[PDB]
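Report on the structure given below.
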Amino acid sequence: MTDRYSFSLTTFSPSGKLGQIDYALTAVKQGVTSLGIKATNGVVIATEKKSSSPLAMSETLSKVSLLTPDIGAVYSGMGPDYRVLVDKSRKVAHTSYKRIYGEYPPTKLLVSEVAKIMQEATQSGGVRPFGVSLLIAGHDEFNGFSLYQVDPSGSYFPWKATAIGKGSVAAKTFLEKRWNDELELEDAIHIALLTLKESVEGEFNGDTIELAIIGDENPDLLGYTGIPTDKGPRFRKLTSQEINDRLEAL
Amino acid sequence: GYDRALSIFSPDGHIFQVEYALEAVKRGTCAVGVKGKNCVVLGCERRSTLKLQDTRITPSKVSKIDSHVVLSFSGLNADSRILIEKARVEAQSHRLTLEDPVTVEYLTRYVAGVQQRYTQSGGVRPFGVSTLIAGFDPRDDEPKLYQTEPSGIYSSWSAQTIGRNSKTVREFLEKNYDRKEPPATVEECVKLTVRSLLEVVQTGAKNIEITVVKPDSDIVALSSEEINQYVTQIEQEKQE
Amino acid sequence: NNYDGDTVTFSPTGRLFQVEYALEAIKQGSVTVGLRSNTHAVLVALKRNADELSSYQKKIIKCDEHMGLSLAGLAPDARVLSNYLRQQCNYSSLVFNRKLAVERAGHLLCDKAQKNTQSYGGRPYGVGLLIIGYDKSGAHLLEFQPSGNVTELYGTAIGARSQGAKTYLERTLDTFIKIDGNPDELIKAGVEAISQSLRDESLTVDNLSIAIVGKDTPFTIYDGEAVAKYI
Amino acid sequence: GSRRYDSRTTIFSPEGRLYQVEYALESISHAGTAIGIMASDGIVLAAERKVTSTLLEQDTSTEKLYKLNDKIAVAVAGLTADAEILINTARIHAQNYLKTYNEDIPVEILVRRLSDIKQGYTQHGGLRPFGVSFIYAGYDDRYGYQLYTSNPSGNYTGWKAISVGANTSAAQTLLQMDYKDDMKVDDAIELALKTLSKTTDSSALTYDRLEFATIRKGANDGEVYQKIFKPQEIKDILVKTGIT
Amino acid sequence: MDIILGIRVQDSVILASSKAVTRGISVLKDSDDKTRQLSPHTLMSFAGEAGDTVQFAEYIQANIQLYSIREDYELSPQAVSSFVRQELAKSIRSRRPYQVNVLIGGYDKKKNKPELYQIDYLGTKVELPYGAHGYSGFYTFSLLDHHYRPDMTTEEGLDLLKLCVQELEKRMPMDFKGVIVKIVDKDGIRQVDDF
Amino acid sequence: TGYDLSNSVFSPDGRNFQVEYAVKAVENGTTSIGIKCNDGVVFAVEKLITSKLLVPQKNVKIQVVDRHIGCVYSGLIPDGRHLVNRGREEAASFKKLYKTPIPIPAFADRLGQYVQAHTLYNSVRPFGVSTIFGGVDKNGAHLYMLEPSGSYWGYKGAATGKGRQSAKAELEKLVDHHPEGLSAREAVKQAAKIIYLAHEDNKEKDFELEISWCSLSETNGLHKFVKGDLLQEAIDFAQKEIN
Amino acid sequence: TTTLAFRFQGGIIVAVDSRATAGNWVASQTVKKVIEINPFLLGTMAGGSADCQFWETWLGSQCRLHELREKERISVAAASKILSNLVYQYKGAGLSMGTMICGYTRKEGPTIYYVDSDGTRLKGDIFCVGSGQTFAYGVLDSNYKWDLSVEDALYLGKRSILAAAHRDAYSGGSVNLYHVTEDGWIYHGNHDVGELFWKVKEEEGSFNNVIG
Amino acid sequence: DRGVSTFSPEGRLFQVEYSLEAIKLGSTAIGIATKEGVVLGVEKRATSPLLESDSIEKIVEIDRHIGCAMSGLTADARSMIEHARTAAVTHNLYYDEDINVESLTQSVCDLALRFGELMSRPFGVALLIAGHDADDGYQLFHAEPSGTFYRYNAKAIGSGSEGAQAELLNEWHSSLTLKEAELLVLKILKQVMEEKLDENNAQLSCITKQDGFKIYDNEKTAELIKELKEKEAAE
């Protein structure tokens, strides 16, 4: 018994390709489109809620996940792989940072830790790479707002705006035309909804679209009052109703 | 832990991984060892497809294991560092428990044992390295030159060469080295070593390294000009 | 064919080929015979040499004062298994002050051999054993196969041409079973049994190996001039 | 068992080559070119970013050039994720040396240890090697300014000027042509950029597709300063040499 | 063990170390050298628990010599002292700590300066113009406070050291059988045979 | 293909061929049966007499677990013994912690999970035995049959080995003709008959009958071997029915 | 115990007593406190009898393994250091050993090493070890010269043990003498203190404290 | 590939059988056992004339009463010898006596099969273990990588083994003297060796109860070679 697979399942081919990473990226290509746009006073991450069955309750399945109060994540590719990454990402933020410095990690460093986890699945014994690309949006005091993309290889790149998955090629071209360095958060949400409508085929409403923002602090969502320095989470998931309001003035 | 038996017997009774490690040695730059009446000289080829090198800081081909023993090699450069490090640690460990520096035979025997262990241990491949180990035992003026190889066998040599085109320079040494009368002086020994490398090398410029080891921890590396004088002298006598 | 790379693989007809190949090593091994009465149990083993300059490979091993076996196949594997038996017999003595039952000895060998046939990396034992002993329920004879299968018998034989001795004992069953209180006659029956497996060679003084255990006889081996009596 | 699926990453070819190391070098040959040039009064590190997108955040980005300590930096060519594993090790190794000896680590010692780690992955463990080549640029008070390179085999060598990644054959010929020993930093800056500009697979070399760094003694008196160039500073140095 | 002294002067470091090895009511040896050469320009004297002292000294010696061979370079006295301190700092929280106090006298060839470090078994390091371990300090520190000058020669340092040994031979309860004196300077380590 | 070369590999059907191959080893083995009765269970097995040299009554194949459970199996005999050894460890640890002897359904899952575990990895081989077992606990009598895959169910009657179909047919008749129930002493006699009837599928070598039983009234809830007069009575009953 | 060994012009003299004690109970009078490691090495025993006996015969096995592996007799320095490094590993555990590794080799000449259980290892010309070491020192030091003859040195070693055997309550039995030369060790007999005392008293005129 | 501890269809371990082929490539080693002693002789076989032949160590001391000669991948023998020496000395430590030659051989052979997936492969070297003890007198053992050992009156291993063994079959009798055995090893070595036999490329040794295990000098062997040539010419 015991894990006898102590050797790499991802190896270099004669041409220099890492097969499993390439194939994992193929799995990401098949995945549903998600995107991220960085504004001057916030970031927006969005994706389509592909329902497996109309009897299924798509509210119970959350594609956009809070990692820290000021960092959110969305993905394209294999949902189960994403779910466990979010679990590990949430924990590493605590173990390797908050329990040491008494504050939440800045976006770039949390991203770095997630990348490390995905890189190890590329080299460690008896494991395949993760079949997802992440888009991590976040804010921190000294870097401000930021948006990162993390690939199955463990590589990560900062973006002004981007899209991953099914119709990423067309979506990226759409974003290049619309993005400027003076976009306000509400303008970015508007563009996000426009870009996403291109890739979505069926219903397009607040129940089939999942969308969150990294913006201003939300004291109402903090849960307590009395500490002035604690001002609430910058991450906020837009409600089904809040999305439909913006779809009328679309 | 990774357990795989990588070095294994084949139907004809060969351990291919050990034999393929010898091919890596054959690819490596030539190294030669010649021992005289009162000295040993280690000569080493350095390939000249690398210009813009920084020779101050580039790892030298001949390494000191202790103040009285040296080690040159042919084959994989990265592999050789692991053997050298282990040998250097064992050298200090021997001084610590025996209160006497290692003999050249003992040090060689240790390095050869390490190489052997990597031929029947799970999860590891053999060292793609053959070494020439030279020096003088403590309080002894008799020169010592030993050779090791990936399989783990080791032996003493009056003169020997390893690496690429070593069979050519071994041919040279076999007729030019007299057992009854080894190079009586340092000059004679260095010249015979340089001559033997000039059969294979190309130019006698920054392609040849020479290190001379004498008794009682007397080791010095020759500079370009010093070596170049031997190259100049040999070529003028050749035109005859 | 494709299902003989290791012991952990079943064939499409439900066979373990590595176990069967281990069984094959026994068939190449030199013949050895086992038989018992109600009072004594006897091993008779034909030893094998490399050539005329070599010694004759010892086939019989003692396990305790009341137990021992003979081997056919890989001798080092017999050494491992005999050593394991020696320890189990000894554990029973030190802890319980109890001589290990020959039946339990068989159960223990079965379970040890079995584990090697169900796990990756390992291999089956390449030897067959004939265990004789005398315990609280009289004389015994066991046949161990490296598949794990242990079998209690009145008499048997394993090795090359063992079918000759095994047929003979099957005929002689009613005779030799009632050789009670007579060691030399029970051995004679065993020496005659092993003779049915001989071809071109005959039993010489440094070729024959005999062991005996019984009611008032500790497990003792006879070699050299001590077996000249029976040729 | 699992033997069936083992690639055997740490074995020799019949020719005496390490398959995986050779294939990792092939991987690295497609990565963006990185150049190191050592002058008498400093070192230049120049690297080309892999085909950039216009929406990529350029200023808050790090792909090629990384800082190991205050005296040593590295240029990367290969898998970035692999490189970061090794960089964090190298960063820790430097701090261990400082903690032990109360002296900044000599460049070669740091390089050797990082190269020794790579070597290990080619001889034991059954894991794939790191698909990374480094250019180490650093200073210490023994040898002064030093350039090294290491590759997946775990072999390292010292250089006056060197390139890794894509088009090294062409890049090395151009460096070998125009390099001389009495060269200054500002000349080396110009050489590095001119070389990339000629070897690049892109149409034209621009500020947004470059990472640049210098290690000078251009601080105040007998001390070393690392300068990781900002986007605007690369834009200026590119105009100053007349490439754009 | 017992008496180990150190004096850093203008151009050298001078280490004095008692020759007596006592056990119970018997002086077993009166010519013991309580010092090891770590490198050509670095000397370490030691005092403390029996066995531990030499075992520790030779272990440090091996490590420094290993470093010298690996890098083909001599570690600075500062670097060696920091390495030694860390080894003792580990040791003190071990299952059985090294009970060894040391003085490290060295000549830094890069700075062209003598350097004297005092390190106790806890891993407490200090650079000093003059140092002592054990009860010796109680006499020599105040003596050196008075007579020491930073610009003294090696000869003046030896006379200053004779003054310490005389004071110890007068007021110390135990017979420590004199001292072995060694000088560390630009030309390396040498022993004064007539003291 | 190659899906059948490694254990724990799903074929495109969704099958583990290595387990199905282990079943072939079970089908090759001698016949064994189990009969559930009024207040207990009865086990019986066919022992092929390979040679005259086999000592009668001295190659016992039915095994006891704890003091109240009986186990019999067909296929690779050593594999069966390994499984019983585990069963005994499982039963010991249950009694150690919980005091009460292990219930039969509880025990059945302990073997079930262990056998199933040997279908999860390629580094182990599936068990080459189907095991019929059972006994009496606080809730009465239980009979079970466990297969190489780890699959097991409760049974009124169970049969495995080379003569399983012959035995199954005979078992189905007993279930139909006795809806109220079969007595323990009756089930012993029937077990003998069914082994003799199932021997027709293995009739080259003649055989030796071995029976055991647990019964709340007859054996006081404990596992015992059927020997002597009761065994010979059952053998005679079986001999009368084949003729 | 009282054991000594001293170096001189004609090699090394080694002398030991033969008493073993368990408190004030005299456990034995005929114990061998010298172990002959090889034809050129000797070991002396003082302290715990089992500790000395077990580890010094173990030392002999290590020295044999050295000459098998290195095709050369082990040095006195290396042999002593094997033993000292061993006992240092057991430091604190409670071993009790006072030993002297005496022998000749070509590279070293006659050499003596003091090794004890708290890890002390010392090269020297004269050592006395044991409960009666001080008594042996008193006689040995006051009569020692480098230029002693082999005959005189043998007697002084014998007389020094006798001195301690007399005064020290935990020393006695008999004297075992050894002489180590360039050709190896030579045994110079067992000398019972029962007879040796009176023989020395009479002939030497010493021991005037005792009733004659 | 395939398991290291895999059986062939004929009932043999592949790796053990392949290691036997490696031993056939090795240099010839011959041992002869008499009532006056056991003689061990080996072919040195220097690969080049520059190699100093006296550094070729294929005959080895295990204890004073046990010697050993090797053939095959001789680098593999180092850890076997190391084990044998430790086993021999350890037994002397535990029991204050010499260890039996058979017990020593058995201890060495226990390492043999300690390979698989322990070491990664069998040993590629065969050993001739010669010695003397009080119980069974002068003994010669052939230790293989199979874990099996046979006692022999005489035995040859290596490349010239089957030819030499057939020669030893004819020549050996139970009344050979030591001197007769010495010459016999030299005679048979000279027959199967490629290069011409002399004191530099062949080495003799013996173990006797009185003097223990001794490797002969090149001067002593040279005289036995000269004595051998004269005796063959003398009829």
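Order of writing sets the chain letters: A, B, C, D, E, F, G and H. Residues in each chain are counted from 1.
Keep in mind that, in the parts below, a contact is a pair of C-beta atoms (placed from the backbone, for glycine too) under 8 Å apart; a residue touches a chain by one contact, two chains touch by 3 or more.
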Requested in this report: Indicate the lowest number of steps between chain A and chain F, counting one step per move to a touching chain.
Outcome: 1
Report summary line: Of E-G and C-D, the pair with more C-beta contacts is E-G
Query raised in the report: Per the centroid of Cα atoms for each chain, what is the distance between chain E and chain H, given in Å?
Result: 57
Query raised in the report: Between chain D and chain F, what's the gap in Å when you average each chain's C-alpha atoms?
Result: 70
**Report entry** Rounded Å distance, chain A centre to chain H centre (Cα mean)
**Finding:** 71
Query raised in the report: Out of chain D, which residues touch more than one other chain, so two or more?
Result: 1-3, 6, 8, 126-127
Report summary line: Flagged in chain H as touching 2+ other chains are 2-3, 116-117
Query raised in the report: Which residues does chain C have that touch at least 2 chains other than itself?
Result: 6, 8, 119-121
Report summary line: Note: in the complex, chain B contacts chain E through residues 64-67, 85, 88-89, 91-93, 95-96
Report summary line: Listed in rising order, chain C residues that touch chain D in their complex are 6, 8, 120-121
Query raised in the report: Which residues of chain B touch chain G in the complex?
Result: 97-100, 106, 139
**Report entry** chain B-touching residues of chain H, taken from the complex the two chains share
**Finding:** 4, 15, 18-25, 48-52, 54-56, 73-76, 78-79, 115-117, 119-124
Report summary line: Listed in rising order, the residues of chain G that touch chain E in the complex are 84, 88, 91-92, 114, 116, 118-122, 124, 127-128, 133-134, 137
